[PDB]
Amino acid sequence: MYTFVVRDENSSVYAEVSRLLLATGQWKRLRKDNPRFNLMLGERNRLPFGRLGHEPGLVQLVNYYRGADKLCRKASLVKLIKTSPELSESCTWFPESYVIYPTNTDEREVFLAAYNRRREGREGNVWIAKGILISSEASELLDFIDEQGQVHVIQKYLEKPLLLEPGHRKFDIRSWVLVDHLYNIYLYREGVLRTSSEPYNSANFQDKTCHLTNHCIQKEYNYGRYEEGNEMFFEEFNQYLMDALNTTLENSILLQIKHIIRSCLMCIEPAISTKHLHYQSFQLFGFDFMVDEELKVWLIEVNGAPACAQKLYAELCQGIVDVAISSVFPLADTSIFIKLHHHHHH
Amino acid sequence: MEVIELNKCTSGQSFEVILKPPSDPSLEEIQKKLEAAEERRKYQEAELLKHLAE
Amino acid sequence: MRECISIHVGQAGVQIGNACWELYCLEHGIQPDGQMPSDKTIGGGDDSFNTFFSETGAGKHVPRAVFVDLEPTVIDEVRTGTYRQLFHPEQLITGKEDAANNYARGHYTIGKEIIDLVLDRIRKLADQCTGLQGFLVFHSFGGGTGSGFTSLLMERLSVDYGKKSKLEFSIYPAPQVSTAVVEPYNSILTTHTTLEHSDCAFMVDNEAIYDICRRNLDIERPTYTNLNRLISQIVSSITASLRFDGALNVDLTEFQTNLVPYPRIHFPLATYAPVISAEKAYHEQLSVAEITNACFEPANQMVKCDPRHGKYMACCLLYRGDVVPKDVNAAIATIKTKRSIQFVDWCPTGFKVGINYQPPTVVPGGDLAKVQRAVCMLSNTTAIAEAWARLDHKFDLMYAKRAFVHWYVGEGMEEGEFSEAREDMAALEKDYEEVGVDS
Amino acid sequence: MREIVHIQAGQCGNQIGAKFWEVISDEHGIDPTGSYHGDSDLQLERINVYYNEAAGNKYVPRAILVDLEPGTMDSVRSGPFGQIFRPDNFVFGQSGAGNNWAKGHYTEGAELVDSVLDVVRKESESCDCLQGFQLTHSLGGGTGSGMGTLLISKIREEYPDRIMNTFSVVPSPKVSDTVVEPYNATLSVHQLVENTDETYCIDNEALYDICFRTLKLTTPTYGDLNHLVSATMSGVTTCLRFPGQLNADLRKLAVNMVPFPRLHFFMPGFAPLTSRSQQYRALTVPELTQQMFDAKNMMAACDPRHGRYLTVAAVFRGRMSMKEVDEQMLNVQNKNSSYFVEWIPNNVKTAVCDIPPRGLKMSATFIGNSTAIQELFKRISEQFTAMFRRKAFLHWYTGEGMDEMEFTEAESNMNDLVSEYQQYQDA
Ligand SMILES: CC[C@]1(O)C[C@@H]2CN(CCc3c([nH]c4ccccc34)[C@@](C(=O)OC)(c3cc4c(cc3OC)N(C)[C@H]3[C@@](O)(C(=O)OC)[C@H](OC(C)=O)[C@]5(CC)C=CCN6CC[C@]43[C@@H]65)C2)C1
Ligand SMILES: Nc1nc2c(ncn2[C@@H]2O[C@H](COP(=O)(O)OP(=O)(O)OP(=O)(O)O)[C@@H](O)[C@H]2O)c(=O)[nH]1
Ligand SMILES: Nc1ncnc2c1ncn2[C@@H]1O[C@H](COP(=O)(O)OP(=O)(O)CP(=O)(O)O)[C@@H](O)[C@H]1O
Ligand SMILES: Nc1nc2c(ncn2[C@@H]2O[C@H](COP(=O)(O)OP(=O)(O)O)[C@@H](O)[C@H]2O)c(=O)[nH]1
Ligand SMILES: [Ca+2]
Ligand SMILES: [Ca+2]
Ligand SMILES: [Mg+2]
Ligand SMILES: [Mg+2]
């Protein structure tokens, strides 16, 4: 009997991993403050990583990587990319971004230096904040941040996204990545496009149901029109890429996604790996990307505590148990992931 | 990068290497806190003995 | 030359001390009877080893050490063991009955009846000191005596010797070898009461040591003898600058200046490498790069914790053996690129380095292989607070139900000292968090 | 050189007490004469804990033998080790106590109690550093129960800063016939809750079940029961008698075992269980470990699964692997973790001594402070109420001067003790 505890009740995904384990009849759930666990499914804030790996006779594993927040907060992410040489300011696939503070460190100065070479090029000069707003004018955004309180990010907006017809629509791609205790980086073969349900409005930014593709903000404003829940899965979008553009998902988009995923996670490996440590981590991430009209993939953000889409829970949560958990803790007695590895010689 | 304060001798050497620059109670209060505790003991023992005498 | 007095308190302090003085003797070629051929100035000196040993007309080198335990069994073993002549009986002080794993009984109850004798015995040694710098104090956090009496001793030493420095060697409790369930209570209490009186304390988690001995010395089930020989190697490494010609960490004040910029945050992490079994038939000697790199592995630390997720305020490296600076700087350059090493904004990212060419001496027939070069890193990192959090959570769990509290009240201590000790630790956890993390 | 004074009172006390001295004398290589004939220095290193030295290099038990009737003390004298006891430490009356606590506590026992205390005091005076007292007695009779508790109270008056420890035999109608036993027991438990630091509950119910069901003894006697009691007493006193780290004195044991002053009643366990008959196989470490924790191995008739362990001490004896002991101990806690209160971290401690007990290569002794001991107290409580609610048999007690009020206070305290264990079983 292996033992586990649960410390985030609101986790769609770890709810399902709970049940999947109980139903094996080889795992007992313990009360959440009983320290004699093999597995911690942890809270989201202030997870007490310092208390793990100090129970003799227990190999302990936890479903978060400490220090992974550096990838998973927006402010942090921009800082990481600029400062890390493996990534760099030169980095092709992340939108130009800047970290900006309310006047209640900063790079406001350096924000304007790029703004006013787009008022010296008259070219696309549309940006975006971090409850969020898109403008062309600088002082309408800076005055928005100061009238808010937290640290924010100002980011180039992709004026020229790929648009799905029928609908002249906007979408984003969520891919799910599981990094195990060995630092094997596993991409779930099923991604999902979270779609807009209203024609993309080039010349009017306030009408936000067409610019923001979040699953709620479509629910609470045509929702359901072209596909279920503004959710298009990979078979359909591969088909559409074939019929409409004569390409494939794999070639036009996925190589880039796989490349961005590996790059991000190999960057932070030395800071978060649990290889020689007295407890072991794994963690599920949600990577979100944006695809421009040229078929160039852009990294939007990384989520440390993603929820999955409904159709896919069944399968993804089982995959976590298969590769994250029973690889550490075997039972007696097809792979839904693609392992991300690449040793080029140079 | 920069090595400084190199000090050699027959036993060994020592130095500093810099990769980057920056950016009480009295003998009285004690003897007292010890004696309030001994009082508290003595009282507690007294309460027991008194109880045993009942 | 400025003398240093060592004080070993409780079973843990005493047994560790034993092992240290054994090691020191071998290191300086001083025999069990206390004779040192290589010392030509008979009857005195102001050599570097004299900081720790004093001399007699008869050619005898005697530790500047006092051992105290509130029961006699353990110290009796010093009194009749291979080093009996080394010490003067006045340096070995024992009581009749111990503190029964009770801070409060060591501090308040039995402390009182023996503090004055200990101070008088300590003064006898200070009176033979031309320019005493202070004290090195060895004890457990978990024992009644080690916790309770040490903290009383430290309060009194601040009174009788205010200008002088006090360093600790403190054994942090681990269930694999612990003997009492109230160790967490004791450890918070003595940390609370000792904090202002201590300039710099080196914690050793028995857990960390026990696993080093399992994993690297292939000792299925390590004893105190196994643990204490390893601890004495680290201790020797740290105090070598006080007993040997050099220019790094030559007086106790310098420990504080090099390792402790913020006084409450005075707990530097020791990491040591390499630890190699003497039974290992075939051994490939490790380089400067290899052992230096190993100082950033948590598995070699004296306290398991993760310096990646915290910041540094100071970092020394103390090498012993065949090491020259060129090799050190090359090792450091490489490492700086391979690892997460983050200092606080108000501090130079930088290392201070001590090399002593004589390689580690090893105890004959012991577990440790003699090696060409070794290193001990002392880094003051905020990561060591992980050990405070561990201990504090255990304390909160029992204290919440007042479990065992009555044993302490019974000895005259007040319930409120518990919550007061713990508020101090909660503040300590906060200081470490201010310094060490950003967002 | 941290001394214990041993007192044994009444029939049961003296019988199990004599058997204790037989067993440990042998373990320490002392013979009936009192002469050491052992072959090891580990036997003599803390010998002075239980034995005084005498002219001649003779070892004399620091033992006081007490009864209100001469019968059993003649039994002890003509017994095998009878000659070893200090003759002036036999204190005895003539009239007996007739299984009446009140006679033991107030009338017949008061008359004898001062002489017992003179002998105690003399033994305490010749003590380099006294740690405290251990007493053996039953709770269901009159002398062990009533006078033993009177003693405990008087000893605490004179040595209030010493530890008091009992081995207290709890009665069962599976063994014994006399209808007032629950009365004597409830009144004694009342005393024990107030005036001891550690009490080993030795339940005759459990000793019967073990002998009869498990050891297939269809005609069990006190010898058989006592064979289990002595094994367990040897085992719980191992850490006091031999060199060691854990629980090496009474006060350390108490600090480790008693988180709340009233909850100081321990469930002992032992493995392997045997009758006085050859054991052909040494047990393995996993077997000891599983068995010592088995409900069927407990010397108090409680289900450990019905409660939670507050604290535990475990003692392994014999030449065995410390690694494997450590692993199995951990495996128990980790595999049944819900049984161990989570608000006392690392509440299980483990000792290993190499000198095994006589006739066994491997043994293990268990000492549990578990909330399940309430079941023992509820069982005595139910017996008590059934009679007391009709004041039945009370005249035996009122006729020696007692009031009913005193019975109401004992029942109440014992009921309070049960609900305190219940309180911590749900916390
Ligand atoms: C260990 C001490 C002991 O020997 C234990 C039992 C009782 N005594 C004396 C020995 C004895 C026993 N039986 C005796 C009959 C006459 C004279 C003496 C005895 C003894 C035994 O060896 O049985 C073979 C015994 C006795 C009993 C006994 C068992 C027993 O030995 C197996 N019983 C558990 C009870 C008893 O009350 C009960 O509940 O049994 C189901 C039992 O009733 C029965 C058998 O119907 C009985 C039998 C006499 C009824 C009267 C109340 N007492 C209480 C003890 C009980 C008994 C053994 C002391
Ligand atoms: N490393 C090491 N730890 C020890 C040693 N002895 C005891 N300990 C640890 O220290 C704690 C016990 O405290 P002790 O030093 O034995 O206690 P004491 O100071 O003698 O106090 P009392 O016996 O209560 O009077 C436990 O955590 C033990 O594991 C030792 O020789 N080496
Ligand atoms: N630079 C940019 N160019 C184009 N669209 C952008 C953009 N930045 C944000 N968006 C749009 O806003 C949407 C949601 O933004 P974002 O992902 O930054 O916030 P969020 O954390 O609340 C949702 P999630 O946690 O699922 O990623 C994106 O899916 C995208 O459509
Ligand atoms: N285990 C055990 N129980 C006993 C022994 N002798 C008596 N008893 C029990 O003790 C109770 C009777 O008490 P007893 O000691 O004879 O009375 P006392 O002499 O006045 O103290 C009953 O519960 C008996 O079963 C014995 O040798 N061993
Ligand atoms: Ca000299
Ligand atoms: Ca009379
Ligand atoms: Mg001690
Ligand atoms: Mg009788």
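Chain naming here is simple, since letters A, B, ... match the order of the sequence lines and numbering starts at 1 in each. Basis for what follows: all heavy atoms, side chains included, without hydrogens, waters or symmetry-related copies.
Atom CD of A:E269 has more than 12 neighbouring heavy atoms from other residues, nucleotides or ligands inside a 6.0 Å radius. A:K82 NZ: more than 12 foreign heavy atoms inside a 6.0 Å radius. Heavy atoms from other residues, nucleotides or ligands lying under 6.0 Å from NZ of C:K166 number more than 12. At most 12 heavy atoms of other shown residues, nucleotides or ligands fall within 6.0 angstrom of atom CD in B:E2.
The shortest heavy-atom contact between C:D211 and C:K304 is OD2-NZ, 3.1 Å. The minimum heavy-atom distance between C:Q133 and C:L252, with the atom names listed, is OE1-N, 2.8 Å. Contact detail for A:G67 and A:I272: the closest heavy-atom pair is C-CG2, 3.6 Å. Between A:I325 and A:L61, the shortest heavy-atom contact is CA-CD2, 4.3 Å.
Considering A:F282, A:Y279, A:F49, A:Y183 as possible partners of A:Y65, the one that fulfils the ring-ring contact (aromatic ring centres under 6.0 Å, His included) test is A:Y183.
C:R221 and D:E324 are not joined by a salt bridge, as no carboxylate oxygen comes within less than 4.0 angstrom of a charged side-chain nitrogen. The existence of a salt bridge linking D:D326 and D:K323 is excluded, since no basic side-chain nitrogen approaches an acidic carboxylate oxygen closer than 4.0 Å. Ion pair A:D180/A:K339 not flagged as a salt bridge, since none of the NZ, NE, NH1 or NH2 atoms sits closer than 4.0 Å to an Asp/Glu carboxylate oxygen.
Although no hydrogens or angles enter the test, the distance criterion places no donor-acceptor pair under 3.5 Å between the side chain of A:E55 and the main chain of A:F37. A donor-acceptor contact shorter than 3.5 Å links the side chain of C:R308 to the backbone of A:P270. Using a distance-only test at 3.5 Å, with no hydrogens or angles considered, no donor-acceptor pair links the side chain of B:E5 to the main chain of B:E16. Side-chain atoms of C:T381 come within 3.5 Å of backbone atoms of C:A383 as a donor-acceptor pair (strictly under, hydrogens ignored).
Two rings, from A:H343 and A:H345, have their centers less than 6.0 Å apart. For an aromatic pair to be called close, the ring centres must be under 6.0 Å apart, and A:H344 with A:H342 fails this.
In this pair, A:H54 and A:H278 present their aromatic rings tilted. The plane angle is within the 30 to 60° band. The aromatic rings of C:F244 and C:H28 lie parallel to each other, with less than 30° between the two planes, well short of the 60° mark. Note on ring orientation: taking the six-membered ring where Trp is involved, the planes of C:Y172 and C:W388 are tilted (angle from 30° to 60°).
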For this session: Assess whether side chain to side chain contact (heavy atoms under 4.5 Å, CB included) is satisfied between A:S263 and A:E86, documenting all intermediate values.
Result: CA-CA 8 Å; A:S263 314; A:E86 313 83 51; over 6 Å; no
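Qualifying ring-ring contact (aromatic ring centres under 6.0 Å, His included) partners for C:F343, counting only residues two or more places apart in sequence or in other chains: C:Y312.
With contacts defined as side-chain heavy-atom distances shorter than 4.5 Å, the pair C:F52/C:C4 qualifies. Contact of the C:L217 side chain with the C:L368 side chain is registered, since non-hydrogen atoms from C-beta on lie closer than 4.5 Å.
Pairs engaging residues 359-388 of chain C under the salt bridge (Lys or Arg N to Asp or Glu O under 4.0 Å) rule: A:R66-C:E386, C:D322-C:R373 [sequence neighbours left out]. Applying the side-chain hydrogen bond (donor to acceptor under 3.5 Å, both in side chains) test to residues at least two apart or on different chains, none of the pairs has a partner in residues 267-278 of chain C.
C:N228 and C:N18 form no side-chain donor-acceptor contact under 3.5 Å, judged by distance and modelled atom types alone. Defined by atom type and a distance below 3.5 Å, a donor-acceptor pair is present between the side-chain atoms of C:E27 and C:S236.
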